[PDB]
Amino acid sequence: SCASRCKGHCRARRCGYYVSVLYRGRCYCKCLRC
């Protein structure tokens, strides 16, 4: 679960918003509201 791992990374960085998308075997993650 790429998005699940990215979601924990944003929470670990003290963030309330995060984005996650998997396409063509690529992971697009983002963290905001920190």
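Keep in mind that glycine also has a Cβ here, set from the backbone N, Cα and C atoms.
Take the candidates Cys15, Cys27, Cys29; Swiss-Prot pairs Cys6 in a disulfide bond with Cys29. Matching Swiss-Prot disulfide entries to the candidates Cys10, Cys27 identifies the partner of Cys31 as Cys10. Swiss-Prot lists a disulfide bond between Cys2 and one candidate from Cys15, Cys27; that candidate is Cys27. Annotated pair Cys34 (disulfide bond) and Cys2 (disulfide bond), C-alpha to C-alpha distance, rounded: 20 Å. Neighbour counts were taken as the number of other C-beta atoms within 10 angstroms of each residue's C-beta; across the disulfide-bonded residues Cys6, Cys10, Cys29, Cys31, the minimum falls on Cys29.
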